[PDB]
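In structure tokens, the next block holds one chain alone, the form deposited in one PDB entry.
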């Protein structure tokens, strides 16, 4: 019983010791690969091979580190919080960003903007662009064959019965796969809190555009005179809104004669809706901010002010020292 226990133990132990020493030696001489600082950013990435990239994959994005060949904020899909998580392994960064969704600047649906001729070929937007640009009467509108839906990886676009795409805000993750795939340059990225958008891309004059579509832009310029923040400009015979200067006052919406500007008139009307707690009867807002809207006498708390006018821009919500004014949208519907 002694020998039958002793012999296999010795044989297997000698084999294991020799193999271990050999592998330990072969750790040197051969591969060392000199690659420090194990990735540690793939866990902070969450990547799904979306496409706002072009370095060969998220794993290669984690493996390309410590060479300094990539930008810190290269991935826009995750956001500034994702960038902070990724680069927080090294640190010295902080930031924030704004969420965005895809949108379609067109509202001509197969009966207000009909077709000039009949098209033969494959049902694709670029294939139709080969056939001399398409068969629609408007040369800037939607073809309706859903290339943007075909290139979407997160299943966020559907094609309606009227021929225009619809985007789900809960499945769209702020990329541009549909933006550079559209042959008409129609898909755009807009902040999620924006409701005032000019939906047209027609670069013709008034008469030709009027003959082409029902809701075309005739470049009259009546929306520019309504805006006092210089946020909407008419260029190339078409109007466009700058979302950085837009206070959402809902004036250009009512002033348009061809119904090109989106949004419904339900806004504002909160002229000095002042909380009585944190105002000292200063009375500085009674004098002037572009409308009258406040006039009275001293206005000790509680304030006695009738509300029938003013535009509800929002500057008075912040310019107060104590910010006693509260804005609540309360109108019809």
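Numbering follows the first chain given and starts at 1. Rigid core here is just the name for the largest C-alpha set that superposes within 1.5 Å across the two forms.
Missing here is the form deposited in another entry; even so, the following discussion is about that form.
Exercise. Of 57, 301, 296, 283, which one has a Cα that moves 2 Å or more between this form and the one not shown once the core is lined up?
Worked result: With the rigid core fitted, the residue that moves is 57.
For this session: Please check if residue 66 moves between this form and the one not shown, taking a CA shift of 2 Å or more relative to the superposed core as movement.
Result: Yes, its C-alpha moves 2 Å or more.
For this session: Superpose on the rigid core, then tell me if the C-alpha of residue 90 is displaced by 2 angstroms or more between this form and the one not shown.
Result: Result for residue 90: yes, a 2 Å-plus shift.
For this session: Look at residue 43 and decide if its Cα position differs by 2 Å or more between this form and the one not shown after superposing on the rigid core.
Result: Residue 43 C-alpha, core-superposed: shift of 2 Å or more.
Exercise. Do the C-alpha atoms of residue 172 and residue 93 sit closer or farther apart in that other deposited form than they do here, given a shift of 3 Å or more?
Worked result: Distance between the C-alphas of residue 172 and residue 93: shorter in that other deposited form, by 3 Å or more.
Exercise. Closer or farther: how do the Cα atoms of residue 74 and residue 154 compare in that other deposited form relative to this form, given a change of at least 3 Å?
Worked result: Compared with the shown chain, residue 74-residue 154 is closer in that other deposited form.
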